[PDB]
Amino acid sequence: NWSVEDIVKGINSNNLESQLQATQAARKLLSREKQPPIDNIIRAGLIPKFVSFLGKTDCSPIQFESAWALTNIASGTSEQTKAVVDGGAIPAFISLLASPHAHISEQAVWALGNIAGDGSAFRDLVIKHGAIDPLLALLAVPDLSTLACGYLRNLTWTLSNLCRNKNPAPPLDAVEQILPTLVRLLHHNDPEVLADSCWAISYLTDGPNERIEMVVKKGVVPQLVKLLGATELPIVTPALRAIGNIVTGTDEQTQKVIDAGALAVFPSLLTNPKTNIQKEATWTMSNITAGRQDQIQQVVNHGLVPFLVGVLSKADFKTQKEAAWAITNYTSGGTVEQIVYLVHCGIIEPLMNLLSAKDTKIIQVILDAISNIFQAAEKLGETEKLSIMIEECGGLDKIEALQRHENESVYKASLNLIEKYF
Amino acid sequence: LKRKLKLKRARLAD
């Protein structure tokens, strides 16, 4: 309710209690939804005073009020977070992590999560100021359940921001130091802790195979497959993103997901009413069908081919594009028998209907798949049989009409098939 | 052929 000018008068007074009320009043201003006047605050020069109040051990209320005020400034645009870091806030908040007052160390956790959240450079600067050790020491209890729920969720969220962002990814040793506490939060029974722990693991598996390995080595894949089955969307979404990332790795890393039971969840995932879940599940499936023949066989055995035919036939267009990738990866690496099977499941007609989409990328993918499938057919003498099938469902009209397509890759490929097999 | 939650949060009133 105070004007900024009054808060400035209060803060510049020489009177700690007057500075306290004025800081509280700033906190309340900055605590309202409809555009808190952050820039006004910054422009009055208040950040350096808030930061020096962070160090007032004798006046824990002004530590709390200023922590909160700065939390909210640091929650704004990059320029606003930078004004907080530029005021010296980072080591001051890290020292508040050891405060005996739980509400004050929690406010310091939160503020550091906002600063780390702005991007790679500030995340790495938080880390270089030594935030990780006193953060992890707040969770060094025998049973996470004895911590206050809100307090535990804030910690988990700030730790997930320390795992987030990519160019560069977090330092390898900081990831190693954080991982065991993260594996433990991933077994915790609060849905928001679980969601954010899963997000963190999704960020850490989003990168080169060496990064995936450090996570998989910690034996989290079975817990991730279990979370894949949760009823809470906010948990399924990151658990599936993490699983999808792990199967972009090596064949051995892909195999840990299959052995953990993940494929049995895909009938639901591939039909999930949330379109982003269907899209990410089909993308994951495309990377599994880019696997070894024995892994492709597991996809067969789990009955997932008819589910791929399903999403190819009807899904959001972005999912259908993933289904087309899953098919052309399957047909490039599968045995003749796995490829025949795919056709017996009814792949050909939805594949041909997608030759009508005005998306140049999907067209090449589908044409590569057809080529692969003809390839298997030749190996069996069936080119003819397959060729009529393609014709009867109207697929020859599509391949033919694609030679009037001013993408050279497209109508080169079409022409190629239009003679070679027709 | 493999193919590879909220950044910042204000504390509201309270």
# chains A, B, ... in the order shown; residues from 1 in each chain; ligands from 1
>>> interface_residues(of="chain B", to="chain A", cutoff="6 Å", atoms="only C-alpha atoms", output="list in words")
residues 1, 2, 4, 7, 8, 9, 10, 12 and 13 of chain B
>>> select_by_dssp(residues="range 2-61 of chain A", states="alpha helix (DSSP H)", output="PyMOL selection string")
chain A and resi 4-11+16-30+38-43+46-54+60-61
>>> residues_around(residues="residue 97 in chain A", least_positions_apart="3", cutoff="7 Å", atoms="only C-alpha atoms", output="list in words")
residues 93, 94, 105, 108, 109 and 134 of chain A
>>> atom_distance(atom1="CA of residue 175 in chain A", atom2="CA of residue 216 in chain A")
13.0 Å
>>> atom_distance(atom1="CA of residue 50 in chain A", atom2="CA of residue 7 in chain A")
11.7 Å
>>> residues_around(residues="residue 351 in chain A", least_positions_apart="5", cutoff="12 Å", atoms="only C-alpha atoms", output="ChimeraX atom specification")
/A:308-314,320-321,323-328,342-343,346,356-357,362-370,373,390,393-395,398-399
